[PDB]
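Worksheet: one structure, shown below.
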Amino acid sequence: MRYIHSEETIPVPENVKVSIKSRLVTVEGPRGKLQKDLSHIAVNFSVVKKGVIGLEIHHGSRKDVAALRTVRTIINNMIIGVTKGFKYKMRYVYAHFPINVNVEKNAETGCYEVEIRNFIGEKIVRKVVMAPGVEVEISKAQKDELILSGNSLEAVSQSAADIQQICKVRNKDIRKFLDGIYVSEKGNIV
Amino acid sequence: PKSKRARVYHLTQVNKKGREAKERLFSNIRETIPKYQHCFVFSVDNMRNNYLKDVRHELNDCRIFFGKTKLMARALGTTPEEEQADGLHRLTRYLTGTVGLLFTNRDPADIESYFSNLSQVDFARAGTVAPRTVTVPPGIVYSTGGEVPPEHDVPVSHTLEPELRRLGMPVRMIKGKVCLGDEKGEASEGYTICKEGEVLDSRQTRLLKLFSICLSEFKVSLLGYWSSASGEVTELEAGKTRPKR
Amino acid sequence: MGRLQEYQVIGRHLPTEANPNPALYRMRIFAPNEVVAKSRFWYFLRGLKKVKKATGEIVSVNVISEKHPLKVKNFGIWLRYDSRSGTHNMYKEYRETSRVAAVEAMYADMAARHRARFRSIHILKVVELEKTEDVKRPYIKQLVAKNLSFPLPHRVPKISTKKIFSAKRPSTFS
Amino acid sequence: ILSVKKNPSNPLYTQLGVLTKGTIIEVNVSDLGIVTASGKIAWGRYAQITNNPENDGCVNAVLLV
Amino acid sequence: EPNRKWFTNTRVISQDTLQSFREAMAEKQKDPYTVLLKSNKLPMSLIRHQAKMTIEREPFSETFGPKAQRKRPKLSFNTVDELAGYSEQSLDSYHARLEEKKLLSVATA
RNA sequence: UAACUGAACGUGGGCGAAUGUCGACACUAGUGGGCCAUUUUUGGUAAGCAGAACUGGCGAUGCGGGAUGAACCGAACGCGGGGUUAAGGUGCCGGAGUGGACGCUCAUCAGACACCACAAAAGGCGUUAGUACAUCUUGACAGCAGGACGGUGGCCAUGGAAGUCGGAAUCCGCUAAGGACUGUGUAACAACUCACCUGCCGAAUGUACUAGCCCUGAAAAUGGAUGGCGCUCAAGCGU
RNA sequence: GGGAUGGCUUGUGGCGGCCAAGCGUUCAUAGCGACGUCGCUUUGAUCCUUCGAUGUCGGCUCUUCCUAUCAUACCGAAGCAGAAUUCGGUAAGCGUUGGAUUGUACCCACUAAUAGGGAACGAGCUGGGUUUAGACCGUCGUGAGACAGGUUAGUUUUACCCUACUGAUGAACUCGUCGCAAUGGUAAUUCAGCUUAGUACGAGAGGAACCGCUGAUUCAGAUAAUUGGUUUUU
Numbered sequence: 001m002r003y004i005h006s007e008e009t010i011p012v013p014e015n053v054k055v056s057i058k059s060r061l062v063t064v065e066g067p068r069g070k071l072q073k074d075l076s077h078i079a080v081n082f083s084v085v086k087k088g089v090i091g092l093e094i095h096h097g098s099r100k101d102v103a104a105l106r107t108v109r110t111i112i113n114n115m116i117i118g119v120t121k122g123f124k125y126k127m128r129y130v131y132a133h134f135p136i137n138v139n140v141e142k143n144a145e146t147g148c149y150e151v152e153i154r155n156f157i158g159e160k161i162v163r164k165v166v167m168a169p170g171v172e173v174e175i176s177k178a179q180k181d182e183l184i185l186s187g188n189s190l191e192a193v194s195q196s197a198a199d200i201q202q203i204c205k206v207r208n209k210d211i212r213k214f215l216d217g218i219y220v221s222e223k224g225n226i227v
Numbered sequence: 002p003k004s005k006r007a008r009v010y011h012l013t014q015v016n017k018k019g020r021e022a023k024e025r026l027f028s029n030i031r032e033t034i035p036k037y038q039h040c041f042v043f044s045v046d047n048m049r050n051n052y053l054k055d056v057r058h059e060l061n062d063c064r065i066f067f068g069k070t071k072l073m074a075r076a077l078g079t080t081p082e083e084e085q086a087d088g089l090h091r092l093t094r095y096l097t098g099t100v101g102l103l104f105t106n107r108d109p110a111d112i113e114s115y116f117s118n119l120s121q122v123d124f125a126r127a128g129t130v131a132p133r134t135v136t137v138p139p140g141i142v143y144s145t146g147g148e149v150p151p152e153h154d155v156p157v158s159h160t161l162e163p164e165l166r167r168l169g170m171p172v173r174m175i176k177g178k179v180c181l182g183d184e185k186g187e188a189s190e191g192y193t194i195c196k197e198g199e200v201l202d203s204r205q206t207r208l209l210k211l212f213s214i215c216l217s218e219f220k221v222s223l224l225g226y227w228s229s230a231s232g233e234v235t236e237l238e239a240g241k242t243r244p245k246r
Numbered sequence: 001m002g003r004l005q006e007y008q009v010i011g012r013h014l015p016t017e018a019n020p021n022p023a024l025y026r027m028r029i030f031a032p033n034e035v036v037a038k039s040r041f042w043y044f045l046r047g048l049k050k051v052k053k054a055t056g057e058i059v060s061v062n063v064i065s066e067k068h069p070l071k072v073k074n075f076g077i078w079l080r081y082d083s084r085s086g087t088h089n090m091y092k093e094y095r096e097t098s099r100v101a102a103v104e105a106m107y108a109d110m111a112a113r114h115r116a117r118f119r120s121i122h123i124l125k126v127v128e129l130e131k132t133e134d135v136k137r138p139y140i141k142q143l144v145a146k147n148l149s150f151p152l153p154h155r156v157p158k159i160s161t162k163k164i165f166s167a168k169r170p171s172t173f174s
Numbered sequence: 197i198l199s200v201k202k203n204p205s206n207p208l209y210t211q212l213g214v215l216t217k218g219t220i221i222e223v224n225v226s227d228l229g230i231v232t233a234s235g236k237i238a239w240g241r242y243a244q245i246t247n248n249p250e251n252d253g254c255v256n257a258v259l260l261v
Numbered sequence: 071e072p073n074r075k076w077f078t079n080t081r082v083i084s085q086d087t088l089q090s091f092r093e094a095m096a097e098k099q100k101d102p103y104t105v106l107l108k109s110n111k112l113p114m115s116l117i118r130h131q132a133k134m135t136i137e138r139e140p141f142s143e144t145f146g147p148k149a150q151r152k153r154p155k156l157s158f159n160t161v162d163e164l165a166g167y168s169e170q171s172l173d174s175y176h177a178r179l180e181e182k183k184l185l205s206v207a208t209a
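So the protein lines, in turn, are chains LH, CF, LS, CK and Cd.
According to the deposited numbering, the stretch in the first sequence is residues 1 to 15, 53 to 227, in order.
In terms of the deposited numbering, the second sequence opens at residue 2 and continues consecutively.
In terms of the deposited numbering, the third sequence opens at residue 1 and continues consecutively.
In terms of the deposited numbering, the fourth sequence opens at residue 197 and continues consecutively.
According to the deposited numbering, the stretch in the fifth sequence is residues 71 to 118, 130 to 185, 205 to 209, in order.
Pasting the structure below:
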């Protein structure tokens, strides 16, 4: 069955400035600016009401109707990112060897850089370079906590996942060796 | 539509009730009416409602119905051409939200006095405003989280700490003990579950329930009552304030 | 299955000494021509009564034309088709301007969707939906909606197949 | 097995004692407790081969009771 | 072809005759210097579970495991003095067995 | 025959369905227990297969199409010209349509010559069209916020066993509803959770089958085959 | 004179009886049947039960291919504490040995491992099947002789042709110098030691790993300063 018309609505706050041209969404907010290319999905954008963006598909199948929900959630997450931001709090725990984490900001690349040392007493020095816009700090309120903050949910969550995957125990019992860096809390900055 | 959610079939004894339970509720309400002079409507909004069994036990001579609101309204009769007795469609305008019916032989003043002096401290649900600030102190976690002195408290169970980490408390296992930070207590501050003048969410209320901290009250508010002899509905204080349908 | 015309075919058993006035049987048959219409009449009559072509006669064959071919109508077709498993019912609806066009759309749709040929489909009933509340299929219910207006995105322009080369890249917006 | 009574394909096969499908054999039935009307122990009874021993590696038979 | 004689007893023998035949035959294989005459025409076919019970009474699942219900061991002793004697005898037998094994770089093939 | 009463054979007279349109000798041959196939029939096998009857073809035979070819389809043949087709085709090789209408399918070596085998009442949280049954403004499905109780720590058993190591029963009350319990958990408790019910919401869903297309449903060994390129609102499939 | 089964096959037995989703079946209520299940086919024993070549396979040199993976690389699961592993997955890049036994296919050792096959088995050389002519023994035959057999000795001997392959020249475009790179091939492999560290882990016995460093196995491409070998330096 080919559905004649299907539509979705995205409310936009007063602080948010959205510019869409040729399926290239640019979202401006108090915290910053995000840009995304949605040219791979056939969507017609409109302004159905003051402060509401209308997504529509004409003569699309069920898959084409369902893709509008992904587009809606992506644009909504961009709005939430430029308005309140995203924050992943991670905890690194250890059994015997204390894990040393040093956070720097490489200025020529303009990006944060997390250096992990003394994981299970290994002499290798692990290094993860963050996505641009992701700010990493060591939490002073709690113990052995990193805080990753940003406007891009994908960038923040992928950087947190990279930190979690780079410290992985190999050839050992995971029931006995519990060490690593884990994503503890996921939320908004504001 | 091959890609569909697999509907899990439950291998348990109790099944869905269905239309038969609705008809049973209709029969019970329509048979309770010619036996009692007064029919009260009470409201319990945003409440746990597990002391209603104790209320039922204490009111032995009374009958309490706590079913679906629209089903009880249809049982009593929404229109004057449908009501079982006169003035019951006047009473049905009080039934919205979480309400209940109380068929009684007693005095309305006695019922009001009982439901006024009845008060039990109960766990808060999501949406209520926190009356105070609760902070679990650093160090070893106990069962109450600092409500009683720590020297009079058992340490909290080791099986609860994955739930505490899921609910956001940064606990860890140190020698079989749940702790914030270090065992003696260092390099961290106390975990603030809630702050005063803040709407509680379900995570905070679940934490308070796990630490046995009660921040609410069990108050049943009587909205009005229909009398069989006079054939009229007397409205009480909460009836003016509560929304009407 | 081709340019179809609906025919009333009336036939009967040959008159004998026992029955000087045998009963007449009338059927409404969709067929490309009168020979196929009479063949289908004899087939369906062999399926129901003790009459065959050698012992019966065709009293009449008439063409049933559409009363209003210029009015958009909704048709409900109840049919039985024969597959590997057996005979199955189908109820389908078509928004057309005549019963014959609805039947051609039916035959094309069953051939496209269930691989059913003309020889394996029995048209049991074709009815007109007088009210729009009788429409049940959502692909017709989306067409009978109020104030139905839609665009036509990505319309490939019709360029002559004999003109091989063009100096401008075509647009798909008209 | 006590003897091969009849191989249906050829009497020479019976003479050679060939065990094929449908061959009647004589078996010792002392372990089944078969007794006559007075108390004599019946220790010889016909059975028929129901499998293909050359394909199965075993001789399977059904008693002719 | 169907025949009535397929469903009859082909060899029968009485109790006393069978017992006398078995006794005489056993007396015959008692002597190794005596050989039978026409042994191919003699009825020589007539001449020629604690683990299961324990497993039937106590299954392997009821002995050890997550579903185990065994709570009383099977002992070879009833009294403390019997246990002391059992331990002493077991130790002496163990030492004797290691002495026997001791009395009784890899080697070449 | 009792009988010109009959039986044959003569004398004389009068007067027939459609469609198409040879016989007898003489002399001389080659072949007379071949292959394949449709239909019918008799026996079987694990599967193969073995036989008979009729008909057609081949051996004896070219031509057009199956890319190719003993058995397939069309069609039978003097030398030429013009016209029209059969079977098969019209994206290029290749003569003829990137023809028209409606749909289906995206395949990690699809499909375009299949019927046989693998192979099954086979497995798919791929995608469509239907059938039956059921729920639903007296609020369906999914979620969120809560309740999830008492006799009772039911009986036996066990060092301990409180719904959740076991065996057997599995009832009643308060009910809106809640199993002598669906799992996590404890040494046993506790605690959490599920079945079930209520509050918010807002209109269509759930289960099992049927029919299409698609994936898997077993593969070896030089580098290769819808004939080749290549083809995705097809140059694939059905009409 | 005439000749010289194949889109087969693979991992899960047969016979006999129950049970059952379903298929069939309502004027006959039979018959098939997936998933299962039950009977026949030593308390870690015994070593005192090896059960018929008519059909032939081996070996040397050397190349390539397949994956149905023995090892190396990565990954998932298991009371997987560590070490050693076991089961499974992607993967053929790279290796997969040296010997004993012929009164006639299994043992031993090294190693990371000693994986399985095809291109033959639907005119290279060399040992058995195997068998021309000589001879002996055994069985059979009156005999010539044959064989249930056993033993010994015993004649096929190209290449200069075409193609393929490996290398080497070459006409035409004046001769020569310096280049580019379409296409074809393609290469590395495994183990050990030092440090980590007697550390993590562990009741103990024991006992890792990443980064870093140094060698060695197999393979490949060169080279002759040195050391052996070679001597028509006659």
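Backbone N, C-alpha and C define an ideal beta-carbon position, used for all residues, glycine too.
From what residue to what residue does the alpha helix (DSSP H) around residue 103/LS run? 99-114
Rounded straight-line distance, which links the Cα of residue 193/LH to that of residue 237/CF: 56 Å
Name the one or two DSSP bridge partners that residue 238/CK has. 82/Cd
In the DSSP assignment, find the alpha helix (DSSP H) that holds residue 32/CF and state where it starts and stops. 20-33
For a minimum of 3 consecutive residues, which ranges assigned as the beta strand (DSSP E) are wholly contained in the stretch 130-201 of chain CF? 135-137, 172-175, 178-181 and 192-195
State the Cα-Cα distance for the pair residue 64/CF and residue 123/CF, rounded to the nearest angstrom. 24 Å
For residue 157/Cd, collect the residues of the same chain with a Cβ closer than 7 Å to its Cβ; drop the 5 residues on either side in sequence, then sort them by chain order. 167
Taking C-alpha atoms, which residue in 89/LH, 95/LH and 181/LH lies nearest to residue 109/LH? 89/LH
Would you mind working out which of 163/CF, 188/CF and 245/CF sits nearest residue 178/LH, comparing C-alpha positions? 188/CF
Between the stretch 137-146 of chain LH and the stretch 70-88 of chain LH, do three or more beta carbon pairs fall short of 8 Å? no
Between 38/CF, 166/CF, 196/CF and 66/CF, which has its C-alpha nearest residue 29/CF's C-alpha? 66/CF
Considering only C-alpha positions, which residue in the set 147/Cd, 180/Cd and 118/Cd is nearest to residue 99/Cd? 118/Cd
Segments assigned beta strand (DSSP E), at least 3 residues, entirely inside the stretch 128-207 of chain LH: 137-143, 148-154, 163-166, 172-175 and 182-187
When 129/LH, 65/LH, 209/LH and 132/LH are compared against residue 113/LH, the one with the closest alpha-carbon: 65/LH
The stretch 141-150 of chain CF contacting the stretch 176-196 of chain CF, beta-carbon criterion three pairs below 8 Å: yes
Could you work out which residues of chain LH lie near residue 151/LS, taking near to mean beta carbons separated by less than 7 Å? 95
Could you tell me how far apart the beta carbons of residue 3/LS and residue 32/LS are, in whole angstroms, since I believe they sit closer than 8 Å? 6 Å
Is residue 213/CK helix, strand or coil by DSSP? coil
Determine, using beta carbons only, whether residue 189/CF comes closer than 9 Å to chain LH. yes
Chain LH partners of residue 139/LS, CB-CB under 7 Å? 1
So, helix, strand or coil for residue 54/LH, using DSSP? strand
Under the three-state reduction of DSSP, which class applies to residue 140/Cd: helix, strand or coil? coil
Which residues, in order along the stretch 118-132 of chain LH, keep a beta-carbon less than 7 Å from a beta-carbon of chain CF? 128 and 130
Evaluate the contact criterion for the stretch 91-109 of chain LS versus the stretch 51-62 of chain LS: three or more CB pairs, one atom per stretch, below 8 Å. no
In whole angstroms, what is the alpha-carbon distance linking residue 214/CK and residue 204/CK? 10 Å
Opposing strand residues paired with residue 252/LH [DSSP bridges]: No answer is possible for residue 252/LH: the residues shown for chain LH start at 1 and end at 227.
Considering only C-alpha positions, which residue in the set 104/LH, 77/LH, 80/LH and 92/LH is nearest to residue 11/LH? 92/LH
Drop a sphere of 10 angstroms on the beta-carbon of residue 74/CF, count the other beta-carbons inside from all chains shown, and report buried for 16 or more, exposed for fewer. buried
State the beta-bridge partners of residue 91/LS as determined by DSSP. 78/LS
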